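For reference, the chains in residue letters:
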There are 2 protein chains.
Amino acid sequence: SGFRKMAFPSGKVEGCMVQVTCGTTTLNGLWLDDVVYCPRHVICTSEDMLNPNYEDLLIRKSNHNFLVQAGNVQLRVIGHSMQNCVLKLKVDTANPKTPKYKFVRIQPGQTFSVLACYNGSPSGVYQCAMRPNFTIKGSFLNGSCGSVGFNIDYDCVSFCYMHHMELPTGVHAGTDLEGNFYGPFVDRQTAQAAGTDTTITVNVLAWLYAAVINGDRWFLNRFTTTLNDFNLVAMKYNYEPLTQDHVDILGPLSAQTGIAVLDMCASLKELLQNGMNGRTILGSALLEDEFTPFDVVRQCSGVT
Amino acid sequence: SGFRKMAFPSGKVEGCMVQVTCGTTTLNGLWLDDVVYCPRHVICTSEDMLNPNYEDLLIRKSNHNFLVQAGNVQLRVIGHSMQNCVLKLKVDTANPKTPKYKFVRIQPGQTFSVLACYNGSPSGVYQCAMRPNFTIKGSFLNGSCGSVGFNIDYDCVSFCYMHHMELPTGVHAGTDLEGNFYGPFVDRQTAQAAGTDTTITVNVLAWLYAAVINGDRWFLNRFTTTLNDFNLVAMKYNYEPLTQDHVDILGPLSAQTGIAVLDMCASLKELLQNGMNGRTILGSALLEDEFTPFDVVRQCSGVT
Ligand SMILES: O=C1C[C@H](NC(=O)[C@@H]2CCOc3ccc(Cl)cc32)CCN1
Ligand SMILES: O=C1C[C@H](NC(=O)[C@@H]2CCOc3ccc(Cl)cc32)CCN1
């Protein structure tokens, strides 16, 4: 028993991290097979970031201007190309530690692990959610760009995120591994509105099921609700509307606990209306939304 | 910016995990050099756990009864010995992936990363603290025994914990890598009192400094206090007494923020007396105590 904000083991991703330098800018790259993926703003100086013309900036760069270092050894760059907001540096050596991998574009509300890196070196790993507004609340300092987010299914690493920037609000924005930003963000140093963030309702319900499985049950009540009644409450509290698709994904947890999804919704409704009254759920005094129903099943069943 | 409950990258530890089976019991082992370390209760059946005589049980076991599997390959056991509550299985092959390592016995209030494993396979990594009462609030299911806790300083892994059991209260108990339990716990299936847990005051203060650095400042007040006045409040709220050693360790954070340690104590005093009034600090509605002053400096400076 016990419930923790668990990240995937990061080893398969640590073996892919490299340092990419172009001019005076250094950031992290992802080496998979004979390609190194990194944010295209590696070609910018601090002055360039205000209004960069990436096509024009990249034209002043040759293969030899991209310095790629994997640990202590230097990689030979034989090709370079821009795909959306990422640079793909073709190298002459395939990464011997390339795990089985896929590039995936995750949905808002889905979770993933982030391996924070600096100078191609891993410093830490944490679990987070892609917010409904397509930002992530990470922990990233200067030099963290190019750090990646991922999920792991047995031996296959699904890379879903590459870090690019921190908004003036302190939240983070990035791309998928094809270089397409999540959200309306652009890779420019300009004021960018993230938009209203909402709570991931299906994740809060999943976490409430995790709480019941692990013994925290004080919040269970004698009430029930309907999807429409629940959603009137969810709208007032900036929770995303719960759909029958969300109810269906909660099915296994509803089956394991014997608590109907709509009864759990009534517990959530009462918690939203009355607060926790100084109490905690799984060591938290707020409603946690960074665990998907899949994460709860996985952690409660010990999938390796 | 941003502050997360970050674990160390787990790769160096993933390369050490093995599966150990003895009879019908399977758990995780740690393979370092030519030795595999695992909980001695691997030799027990469920019936044995009520009142085991480990010396007598181990006498019925030979090297060939210990099945050690590293991924798909079987290790040859050439020696076995019990050291406190751990078994040391000498194998004929040194682990080629053995990182630079040390065995350390951490202090209560110190933090570490846990690589949760099942059948010698890693499932997740999370950061936690050794509670003042020498328990850990983990996430461990059946088969997780032998999973280890560790810290990483650049290339050196300091193993500090090996998981052994879950108390009837749902908290976890284990040993250092010499097999000495943290706390008064014994490796028997009997009711075991963990004792009063207290909040790690120096860690809460460190996390309050992390909050100020990262922009959350609403809790800063116009007050100050003394160590003695603060400790009267800490005693009432089951916080561990703050000493001048704790103040000294907060020195770098006090220097970076320009907020005197005793002024931060007065903020903590007011938070303890008045609560958060529905507000949050670093995305938490409670006072977080699982970040040491070292963790806050490390995360705020990007140590890899
Ligand atoms: O998460 C981080 C990264 C951050 N660095 C950026 O955000 C750069 C510099 C600012 O101007 C910009 C503007 C756009 C882009 Cl894509 C990057 C950047 C430093 C602190 N933490
Ligand atoms: O963290 C865990 C581990 C736990 N297994 C034990 O606690 C075993 C069996 C119970 O009786 C005992 C009693 C003592 C010892 Cl050392 C181990 C054990 C299963 C659930 N999660």
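Residues numbered from 1 in each chain as written, not as in the entry; some residues may be left out. Chains lettered and ligands numbered in written order. Heavy atoms only, no water.

Its PDB header attributes the entry to X-ray crystallography and lists the resolution as 1.687 Å.

You'll find chain A entered in the PDB entry as 3C-like proteinase, with Severe acute respiratory syndrome coronavirus 2 given as the organism. The deposited entry bears the title "Group deposition SARS-CoV-2 main protease in complex with inhibitors from the COVID Moonshot -- Crystal Structure of SARS-CoV-2 main protease in complex with ALP-POS-8b8a49e1-4 (Mpro-x12682)".

Caption draft 1: Focus on the overall build of chain A. Each helix and strand counted, chain A has eight helices and 13 strands in total. For chain A, whose C-alpha radius of gyration is 21 Å, the value lies close to the compact-globule estimate of 19 Å for 304 residues. Considered along the principal axes of its C-alpha atoms, chain A spans approximately 70 × 40 × 30 Å. For chain A, the proportion of its 304 residues judged to be buried stands at 56%. Sequence separation of at least 24 residues holds for 65% of the intrachain contacts in chain A that already meet a minimum separation of 6. As presented, chain A carries roughly 12,800 Å² of accessible surface, and 49% of it is formed by carbon and sulfur atoms. Here chain A contributes 22 positively and 26 negatively charged side chains, and the mean placements of these two sets differ by 3 Å. (Helix = DSSP H or I, 4+ residues; strand = E, 2+ residues; numbered from the N terminus. Rg over C-alpha atoms; globule rule 2.2 N^0.38 Å. Buried < 20%, exposed > 50% of the residue type's maximum accessible area, 1.4 Å probe, protein only. Contact = heavy atoms within 4.5 Å. Areas by Shrake-Rupley, 256 points an atom, 1.4 Å probe, with all protein chains shown as cover. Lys, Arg positive; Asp, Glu negative; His and termini not counted. Charge placed at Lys NZ, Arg CZ, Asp CG, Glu CD.)

Caption draft 2: View of the domain arrangement of chain A. All names here are of chain A. What the domain assignment lists for chain A is domain 1 (1-14 + 100-197), domain 2 (15-99) and domain 3 (198-301). Contacts between the two partners involve 18 residues from domain 1, matched on the other side by 19 residues from domain 3. The largest per-residue losses of area from domain 1 upon contact with domain 3 belong to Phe3, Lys5 and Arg131, which jointly make up 41% of the total buried on that side. Where domain 1 packs against domain 3, one counts eight residue pairs in polar contact. (Domains from an automatic or database assignment. Buried area = accessible area lost by both parts, 1.4 Å probe. Polar contact = N/O pair within 3.5 Å; in protein donor to acceptor, adjacent residues only side chain to side chain.)

Caption draft 3: View of the pattern of salt bridges. The final tally for this structure, using the stated rule, is 24 salt bridges over all chains. Where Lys5 of chain A meets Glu288 of chain A, a salt bridge forms, and the shortest distance between an N and an O atom there is 3.9 Å. Of this pair, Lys5 of chain A sits in the segment before α1 (11-14) while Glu288 of chain A is found in the loop between α7 (261-274) and α8 (293-301), placing the two residues 283 residues apart along the sequence. You can call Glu288 of chain A buried: its relative accessible area is 17%. Taken together, the shared-partner salt bridges connect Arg4 of chain A together with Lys5, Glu288 and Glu290 of chain B into one network. (Salt bridge = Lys/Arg side-chain N within 4 Å of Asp/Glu carboxyl O.)

Caption draft 4: A look at the relation of the copies chain B and chain A. With an axial shift of 0.0 Å and an RMSD of 0.0 Å, the rotation relating chain B to chain A amounts to 180°. Accordingly, the operation relating the two chain copies is best matched by a two-fold axis. Nearest to the rotation axis, the C-alpha of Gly11 of chain B is located 1.8 Å from it, this being the minimum over chain B. Both copies present the same face, since 100% of the interface residues in chain B are matched by interface residues at the equivalent positions in chain A. (Least-squares fit on C-alpha atoms.)

Caption draft 5: Here's a closer look at the site of ligand 2. All names here are of chain B. Around ligand 2, the structure places 15 residues, and the nearest of them are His41, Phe140, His163, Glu166 and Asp187. Between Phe140 and ligand 2, the recorded distance is 2.9 Å, taken from a backbone N or O atom to a nitrogen atom. For ligand 2, an oxygen atom lies 2.7 Å from a polar atom in the side chain of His163. Considered on its own, ligand 2 offers 480 Å² of accessible surface; in the complex 81% of this is hidden by protein. Counting residues per element, the shell around ligand 2 draws most heavily on strand β12 (residues 156-166), which supplies four residues. In the shell around ligand 2, the residues fall into five nonpolar, seven polar and three charged. (Near = heavy atom within 4 Å. Nonpolar A, V, L, I, M, F, W, Y, C, P; charged D, E, K, R; others polar.)

Caption draft 6: Expanded view of the side chain of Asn214 of chain A. Residue and element names in this part refer to chain A. Relative to the elements of secondary structure, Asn214 occurs in the loop between α3 (201-213) and α4 (227-236). Looking at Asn214, its side chain comes within polar contact range of the main-chain oxygen of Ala210, at 2.8 Å. Those residues in contact with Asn214, other than ones at most four positions away along the chain, are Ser1, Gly2, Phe3, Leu282 and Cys300.

Caption draft 7: Representation of the sheet that holds strand β3 (residues 35-39) of chain B. Residues and elements named next belong to chain B. Taking strand neighbours across the sheet as the criterion, the seven strands line up as β5-β4-β1-β2-β3-β7-β6 in an open arrangement whose pairing is antiparallel. Among the strands making up the open sheet, the edge pair consists of β5 (73-75) and β6 (77-83). Put simply, the sheet's adjacent strands are angled 30° from each other on average, direction ignored. Inspection of the sheet shows strand β4 (residues 66-70) paired to β5 by three bridges, in the antiparallel sense. By the bridge assignment, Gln69 is partnered in β5 with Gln74. (Pairing = 2+ DSSP bridges. Axes fitted to C-alpha atoms, helices over the stretch in contact; angles between N-to-C directions.)

Caption draft 8: Summary view of the packing of aromatic side chains. Taken as a whole, this structure holds 20 aromatic pairs over all chains when the rule is applied. Pairwise contacts between aromatic rings join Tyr37, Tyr101, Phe103 and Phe159 of chain A into one cluster. Sitting over the ring of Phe291 of chain A, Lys5 of chain A keeps its end group 5.3 Å from the ring centre. Positioned above the aromatic ring of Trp218 of chain B is the side chain of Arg279 of chain B, whose terminal nitrogen or guanidinium carbon lies 4.4 Å from the ring centre. (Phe/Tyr/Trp six-rings, centres within 6.5 Å; stacked < 30°, edge-to-face > 60°. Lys NZ or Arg CZ within 6 Å of the ring centre and 35° of its normal.)

Caption draft 9: Highlighting the interface of chain B and chain A. Across the boundary between the two partners, chain B contributes 43 residues, which contact 43 residues of chain A. Buried surface at the junction of chain B and chain A, both sides included, amounts to about 3,000 Å², of which 53% is carbon and sulfur. In this assembly, chain B and chain A are joined by two salt bridges. Inspection of the region where chain B meets chain A yields 23 residue pairs in polar contact. If you list the elements that add at least two residues to the side of chain B that touches chain A, you get α1 (11-14), β9 (111-118), β10 (121-129) and α8 (293-301) of chain B. The leading source of residues in the side of chain B that touches chain A is β10 of chain B, at eight residues. Residues that form the side of chain B that touches chain A fall into these classes: 17 nonpolar, 19 polar and seven charged.

Caption draft 10: Representation of the pairing of strand β9 (residues 111-118) of chain A in the model. Residue and element names in this part refer to chain A. Among the eight residues that make up β9, eight are buried, leaving the element largely enclosed by the rest of the structure. A two-sided burial pattern is seen for β9, the buried positions comprising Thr111, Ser113, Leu115 and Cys117 on one face and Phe112, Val114, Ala116 and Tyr118 on the other. In this structure, β9 lies alongside strand β10 (residues 121-129), joined through eight bridges in antiparallel fashion. In the sheet register, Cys117 faces β10, and the bridge partner there is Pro122. Remark: two residues form the turn of the hairpin made by β9 and β10, two consecutive strands paired antiparallel; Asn119 in that turn has positive phi of roughly 60°. Sheet topology places β9 next to strand β11 (residues 148-153); three bridges connect them, and they run antiparallel. Within β11, the position partnered with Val114 by the bridge is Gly149.

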